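**Q** Quick one: the structure is below, questions incoming.
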Amino acid sequence: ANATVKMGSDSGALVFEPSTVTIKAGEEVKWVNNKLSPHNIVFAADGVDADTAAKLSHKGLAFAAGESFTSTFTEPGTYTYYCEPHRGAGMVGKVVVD
């Protein structure tokens, strides 16, 4: 039971897909770098703890299509993230824990 989301589409899209991905409370996720760089996956702590979101928040920088980060959803909620930098029109996509 895992969830993965490619950072962009093959064709050449920005928005992440699948926008929404099912996850389990305790499972991990993998965000493979597809394209559209530089860019990152920043997570906000709205309906979730700060520290928590922090971790979930990727303050890195993916450039090459190989370096993929990972996250862990302990609390059964709904984390959200948005590309701050990027070079288009932000991105839409969130996660959900069961």
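Using the numbering of Swiss-Prot, the residues shown for chain A are 29-126, in order.
Looking at the header, which is where the method is noted, we find solution NMR.
Each residue, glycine too, has its Cβ placed from N, Cα and C.
Annotations for this protein, taken from Swiss-Prot, read as follows:
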type	residues	note
BINDING	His67, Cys111, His114, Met119	Cu cation binding site
**Q** Between the binding-site residues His67, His114, where is the Cβ count within 10 Å the lowest?
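**A** Taking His67, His114 as the binding-site residues, the minimal 10 Å Cβ count falls on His114.
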**Q** For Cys111 (Cu cation binding site), which residues of its chain lie six or more apart in sequence with Cβ-Cβ distance below 8 Å?
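**A** Correct list: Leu42, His67, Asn68, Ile69, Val70, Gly118, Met119.
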**Q** If you run the three-state DSSP split on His67 (Cu cation binding site), which class comes out?
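**A** Once the DSSP labels are grouped into three classes, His67 (Cu cation binding site) ends up as strand.
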**Q** Quick check: which same-chain residues outside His67, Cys111, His114, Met119 lie with their CB within 8 A of the centre of the Cu cation site CB atoms?
**A** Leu42, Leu64, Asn68, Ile69, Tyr110, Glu112, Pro113, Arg115, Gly116, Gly118
**Q** By a simple count, how many Cβ atoms lie within 10 Å of the Cβ of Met119 (Cu cation binding site), its own Cβ left out?
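**A** Excluding its own Cβ, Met119 (Cu cation binding site) sees 22 Cβ atoms within 10 Å.
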